[PDB]
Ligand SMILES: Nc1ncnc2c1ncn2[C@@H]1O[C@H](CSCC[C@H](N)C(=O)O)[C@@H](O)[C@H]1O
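Only one chain comes next, encoded as structure tokens, the form solved without ligand SAH.
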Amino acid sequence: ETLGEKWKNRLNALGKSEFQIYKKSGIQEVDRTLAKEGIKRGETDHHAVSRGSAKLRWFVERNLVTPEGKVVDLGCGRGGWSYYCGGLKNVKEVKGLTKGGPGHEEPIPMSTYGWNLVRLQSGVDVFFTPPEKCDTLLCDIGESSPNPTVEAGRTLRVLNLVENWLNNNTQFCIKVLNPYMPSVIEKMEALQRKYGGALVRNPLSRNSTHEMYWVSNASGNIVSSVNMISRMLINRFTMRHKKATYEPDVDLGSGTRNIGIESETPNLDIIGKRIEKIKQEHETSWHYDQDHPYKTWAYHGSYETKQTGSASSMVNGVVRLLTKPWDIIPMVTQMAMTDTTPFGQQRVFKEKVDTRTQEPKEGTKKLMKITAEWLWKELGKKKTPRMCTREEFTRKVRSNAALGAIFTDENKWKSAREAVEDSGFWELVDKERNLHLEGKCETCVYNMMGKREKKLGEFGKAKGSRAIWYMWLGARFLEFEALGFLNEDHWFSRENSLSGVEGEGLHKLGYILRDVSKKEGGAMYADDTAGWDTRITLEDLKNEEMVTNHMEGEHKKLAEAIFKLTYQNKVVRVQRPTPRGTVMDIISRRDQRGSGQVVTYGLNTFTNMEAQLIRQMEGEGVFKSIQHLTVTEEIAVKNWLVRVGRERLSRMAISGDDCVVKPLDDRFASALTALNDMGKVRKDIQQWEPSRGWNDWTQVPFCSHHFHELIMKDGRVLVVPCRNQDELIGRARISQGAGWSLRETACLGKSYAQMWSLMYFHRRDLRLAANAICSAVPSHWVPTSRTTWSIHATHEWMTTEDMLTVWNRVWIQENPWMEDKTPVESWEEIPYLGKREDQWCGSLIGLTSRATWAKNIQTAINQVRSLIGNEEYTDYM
């Protein structure tokens, strides 16, 4: 055997104290006495995540390897190497992969210099990933083991994995585990002959390992280097113990880095006045930034502001101390708090908003044009457009109705109600209306904010990581005046349009689904779309603008001005952390969907209906090619619409972007050409993989609900909504931020503790949890607060009388599908959701979990209710 084997055997034959003292016998260390506790406090700059950053700095400083262009990282883990590389000058993009899981290193987020170029991926195995184009490859995978043969096998496997990715002109820095046996030297010789390099040891590396690294800009011999390293290791344990040479840690600073590519052009003639006014308002601190991280948006400037927002969110204390056994479920605690600091907003904006789509072809354009024209002619058969006034808006604002996301212009007034009565507000509104009537806009800007930036929260909060657009009050009033009739007249009701479900309560969609599933055809398909709000192109906006053909006069002029100057020409402010403090930038864009909530809902419903109709057109085989549409097809496609067009719209149900379709023939799943061409890419499925259908209507997900069916004691049959109990409990423990008191939080708790008694009465673990809240609140208080479900325009559980009469009125008297009208007079005749199904849906009954759901029951809940304090109440259980 070689000298390395002797050294390994000698190190194996050693004592514990001798082994501990042998580790530091001349090596160099870095003082981590600051960075660790800085990271623990929550710092996100001027720090190094791990120790490999110093080693990589040592390698780069002596230009042993010079990364450039795109850099691929294997087994990054926390990602010290990738984070250090991102701050370099010649690096344009960093991509890294690691294998996560139990007992493995995981990436954590930092905001160091150039943090907007680094993307890390987790839970991917490198051995089963096809190679891609790369310019510099880094590999630092290796695990020690007492046996030499297993280490040699691991090294050979690593080399076999790595040999495929390398090209002729790619830089590399690869770690080799055990280099002192011929079983690796024979391969190393061929590899060095083919590609070049050498084996060099890092002085920072510990004294307990024989590690070596393979680099690019070096040369020499392998066996001689290994022998000399072994000789040095042998000689090492012969001198005295020398103190470790301490070296200060690396500091990286903070900021954002720009790549330098732009793919957008501005229209100065439309937004010049707005830009000039905004610049003139803040002339004192106006400056140009050269490090804007925007690629598909324009840039104009930046000024100074004060930081707003805070990580995490307030927690409703009234609902807490009642749901005691739920403090240990990871889902409840994780989704409870989100991030809305400028760092989180920048992260969301980089991750989702900044994208780019592609233009469709001629045939799809003609198809959607024809379909949109026919649909607009069909809907407006029994309705006429009109114009809104000021009294209706005043009544809307006075009643605290479901207004959209809007800031109340806090600089001068304090709330919308306080500003409505004033006259200066109306004077400004009139001036802006006069300006808009001549095809100019001057005070129409937006605001942006982010939310939902945790790991498990996005899987249980509708669609997470969203972005809401605020607007000034005057623009809101102008938009309402222009296009209020689409919602004030119920254009998208089920009676008028045979597909929409607007105006229908949450307790009625199950009946609609059951009625739909009674037809003849194939199976039910419930595919969805990811990021629907960002997949809208200019062509769709132009198609939706075709509603003005039914208008006239001043109404038509105002609608045209609103459509042209606002919806497809936007100006948006956003915040961004900088070393000098906090700043606000202004950007612009043509595409995408930004408007009020109700208008967005209506337009999305219309576009979804048109897209579903086009896909059903393609499924039936009316037309064959989408690249170009010819004659004898336009006539054929128009005949299909006239003949059975109305009936085919009755097979669907489209609330927002959620759709359910029952086609005549199962050829629906194989028609994925027009849908992919338009830009509505599906979610979590392969691009060309056929979709999966359902043969049962009790499992189809619609509006994040699965609809069961129940049987009363008498024999009557109902249909009830359902959901995962964990999500409801997690939502129920979050205060929206309208508290800072006990009365407010108690009112909110009582307000949305009645939704469970109304809709989710069929499950054991939720009906009981509402009686405690009703018996703890002192009653006599109005439970007025917006809870959730802004789309559902019922909000019926806000009343004050006893819930039994309300239940009897809602589920019996006003039920079209219920024949008999004999009411009930007790809470004991209402049945439950079985026993096993309750556990499956997420309850805590029937098994060992009943042993911990044994103190949150009437056995030990009376003390919990009394724990509230001097605040009186009234028993109800």
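In this text, residue numbers run from 1 along the sequence as written.
Keep in mind that the form solved in complex with ligand SAH is not shown, yet the notes after this line are about it.
Q: Pick from 509 to 517, 227 to 235, 71 to 79, 355 to 363: which stretch has non-hydrogen atoms within 4.5 Å of ligand SAH in the bound PDB entry?
A: Stretch 71 to 79 is the one.
Q: Which of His104, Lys273, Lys414, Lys369 has a heavy atom within 4.5 Å of ligand SAH in the bound PDB entry?
A: Exactly one listed residue reaches within 4.5 Å, namely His104.
Q: Only one of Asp684, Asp269, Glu495, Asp125 comes within 4.5 Å of ligand SAH in the bound PDB entry by heavy atoms, so just point that one out.
A: Here the answer is residue option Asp125.
Q: With the partner left out here, check for me: in the bound PDB entry, does some heavy atom of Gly100 sit within 4.5 Å of ligand SAH?
A: Answer yes; at least one heavy atom of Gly100 falls within 4.5 Å of ligand SAH in the bound PDB entry.
Q: Residue-level contact is defined here as any heavy atom of the residue lying within 4.5 Å of ligand SAH in the bound PDB entry; does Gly842 satisfy this criterion?
A: Because no heavy atom of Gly842 falls inside 4.5 Å of ligand SAH in the bound PDB entry, the answer is no.
Q: Taking heavy atoms and a 4.5 Å cut-off, does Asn815 contact ligand SAH in the bound PDB entry?
A: Taking the distances in the bound PDB entry, the answer for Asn815 is no, it never comes within 4.5 Å of ligand SAH.
Q: Classify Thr44 as contacting or not contacting ligand SAH in the bound PDB entry by the rule of any non-hydrogen atom within 4.5 angstroms, answering yes or no.
A: The answer is no: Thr44 has no heavy atom within 4.5 Å of ligand SAH.
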